[PDB]
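Student: next one to model:
(chains A, B and C, ligands or ions: 1)
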Amino acid sequence: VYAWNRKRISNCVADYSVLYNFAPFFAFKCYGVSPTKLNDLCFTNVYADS
Amino acid sequence: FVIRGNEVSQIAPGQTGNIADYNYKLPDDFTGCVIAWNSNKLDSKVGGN
Amino acid sequence: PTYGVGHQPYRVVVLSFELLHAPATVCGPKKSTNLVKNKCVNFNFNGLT
Ligand SMILES: *[C@@H]1O[C@H](CO)[C@@H](O)[C@H](O)[C@H]1NC(C)=O
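Tutor: Numbers count the residues shown, from 1 in each chain, chains lettered A, B, ... in the order given. Provided below are the atomic coordinates:
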């Protein structure tokens, strides 16, 4: 957590409904947007911190 | 019914997905209750259920 | 059973309720008192207070 891994995601087509097949998590917490509508709107860059 | 644990949030008014669009859809003016509980020991088989 | 939680099976019961438009058939435990007319009283009629 002191050296959290940041990865830039750009120039691709995202399908967030595939994400539920990757990890066993209950909910998909979101501030600003909704997990239902994330396939509709689209963004410039997506930054994944781990 | 029986649903996977990451899809219980789809059982709500105003939600769409796989199950909320193809299997079980709730109305937006819903007046009711949704009860969910883990049943891994009753619905889990080591060879796959 | 070796799957992580969130992929484990869950059991869901959805209780859909029908509001009071017909005469009521499902009413829980509450004893009904005698009817009092021509007096300013508090009244409860099938959940309507
Ligand atoms: C993760 O990668 C390994 C090796 O490529 C594979 O066996 C495993 O199924 C993958 N798991 C997921 C959830 O993609």
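
Student: can you give me the strands for chain B?
Tutor: Residue ranges of the strands in chain B, as given by DSSP state E, are B:2-4, B:32-38.

Student: need the contact partners of the longest one.
Tutor: Strand B:32-38 has contacts (C-beta atoms under 8 Å, 6 or more residues apart in numbering or on different chains) with B:3, B:5, B:8, B:11-12, C:5, C:8-17. For every residue, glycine as well, the C-beta is placed using N, CA and C.

Student: for chain A, give the residue positioned nearest to chain B.
Tutor: In chain A, no residue comes nearer to chain B than residue A:20, which is 5.2 Å away by C-beta to the nearest C-beta.

Student: show me the contacts for that residue.
Tutor: A:28, B:6-7.

Student: now do the contacts for the closest residue to chain A within chain B.
Tutor: Nearest to chain A in chain B, going by C-beta to the nearest C-beta, is residue B:6, at a distance of 5.2 Å. By C-beta under 8 Å, 6+ apart, the contact set of residue B:6 is A:20, A:24-27, C:6-7.

Student: again, only using 10 Å
Tutor: Shown in contact with residue B:6 (C-beta atoms under 10 Å, 6 or more residues apart in numbering or on different chains): A:19-21, A:23-28, C:5-8, C:10.

Student: quick check: chain neighbours aside, which residue is closest to residue A:6?
Tutor: Among residues not flanking residue A:6 along the chain, residue A:49 sits closest, at 5.2 Å (C-beta to C-beta, 6 or more residues apart in numbering or on different chains).

Student: count the residues that sit near that neighbour.
Tutor: Neighbour count of residue A:49, defined by other C-beta atoms under 10 Å in any protein chain shown: 8.

Student: ok, now residue C:15?
Tutor: 8.

Student: where does residue 11 sit: helix, strand or coil?
Tutor: Let's take chain A. For residue A:11, the secondary structure call by DSSP: H, G, I helix; E, B strand; the rest coil comes out as coil.

Student: that answer is for a different chain, and I need it for chain C
Tutor: strand.

Student: beta partners for it?
Tutor: Here residue C:11 sits in beta bridges with residue B:2, residue B:37, going by DSSP bridges.

Student: strands along chain C, start to end?
Tutor: Secondary structure of chain C by DSSP E: the strands cover C:9-16.

Student: how about it: which residue is closest to chain A?
Tutor: Chain C approaches chain A most closely through residue C:4 (3.1 Å), counting by C-beta to the nearest C-beta.
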